[PDB]
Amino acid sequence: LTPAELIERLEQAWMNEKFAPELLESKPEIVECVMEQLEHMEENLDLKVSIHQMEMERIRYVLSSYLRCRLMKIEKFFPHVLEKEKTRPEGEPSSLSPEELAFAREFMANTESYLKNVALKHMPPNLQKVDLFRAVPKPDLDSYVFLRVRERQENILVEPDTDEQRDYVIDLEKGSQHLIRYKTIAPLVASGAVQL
């Protein structure tokens, strides 16, 4: 609830977003509070001044980087981002802020239109519709990642491959660092029990 904690939360999202193979949950409450803090401090604006402006730059940088990272993911999986939001059950956290959603919609329309007018409409009658949900790659959740355990977790199943015989249980201790498949610890990233 404190500013210091606000910043820690941001850096956490920044780092997690950088390494997760899929688009993570939208953190509107964090982005806003950070924008407010910057606005307030910006207005309050001698050596103390230069020190404050230096810190403001450090924070501005993390926000921008985090937001930049989210846009590239939205662009990369745009059809899957839109389809997931469309069938998202009421209550579950969205992977898109109202603004990012607009950006994603526009990306889709623009690309689909470009593709239609430039080639598809000029193709035979039975080959003019291209399924974008199929043409564009989905996130690969079977990607390996490194993490730092923030909160102790037990009975975590490690699945080497598709052969159940190689499966074994593991426990993640607070402060430890691990290497493992993302899909196995995805829920832990979301809950904040672990950090990528």
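Note that residue numbering begins at 1 and tracks the sequence as displayed.
- Going from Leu45 to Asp46, you skip over 4 to 9 residues of the deposited sequence that the entry leaves unmodelled.
- Mean CA temperature factor is higher for 32-40 when stretches 32-40 and 144-152 are set side by side in the entry.
- According to the PDB record, 82-90 carries the higher mean C-alpha B-factor of the two stretches 108-116 and 82-90.
- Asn126: CA B factor lies in the highest third for its chain, per the PDB record.
- In the PDB entry, a CA B factor belonging to the middle third of its chain's modelled residues is recorded for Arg166.
- Ranked by Cα temperature factor within the chain, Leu1 sits in the highest third according to the deposited record.
- For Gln53, the recorded CA temperature factor ranks within the highest third of the chain's modelled residues.
- Compared with the other modelled residues of the chain, the Cα B-factor recorded for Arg134 ranks in the highest third.
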